[PDB]
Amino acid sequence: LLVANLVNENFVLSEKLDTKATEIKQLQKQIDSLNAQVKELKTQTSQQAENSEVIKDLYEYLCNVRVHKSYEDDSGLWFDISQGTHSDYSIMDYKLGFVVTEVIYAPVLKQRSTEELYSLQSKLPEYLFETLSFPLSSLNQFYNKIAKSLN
């Protein structure tokens, strides 16, 4: 009997392979859609990052203050900051914290020269070399006082 049984088994197989081949077509389609999403997303972030970076450089020139990093604990929200301009010495870095919200100003000096330190020390009030605290209200005011003291 089994030449018949054999032709039948070929039928069954041909059909099994057909389902497989459609499933493959489907998966390849998904792979193509995701392959697209990836490439688009990759550009959209690189473009968003270049845009945000020029706007950052605008701010740094407009305001004479660079905000390169940010140091967030659960305690507060910190930023690394540099203010002033290059040539005496005219630039002052510090960290700002936000913590009933209050601002903590903390000086950063350890990467300086004693000469740079002397010029700063004379151009700036004594208390800009002490960790301070004060309300958000005074923040703008704070900014202006360092800006004046530098040029």
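Numbering starts at 1 and follows the sequence shown.
Counting the unmodelled positions of the deposited sequence between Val108 and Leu109 gives zero. In this entry, no coordinate-free residues of the deposited sequence separate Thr114 from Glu115. Taking the PDB entry as given, 114-122 carries the higher mean Cα B factor of the two stretches 25-33 and 114-122. The mean C-alpha temperature factor is higher for 66-74 when 53-61 and 66-74 are set side by side. Ranked by Cα temperature factor within the chain, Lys42 sits in the middle third according to the deposited record. When the modelled residues of the chain are ordered by C-alpha B-factor, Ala4 sits in the middle third.
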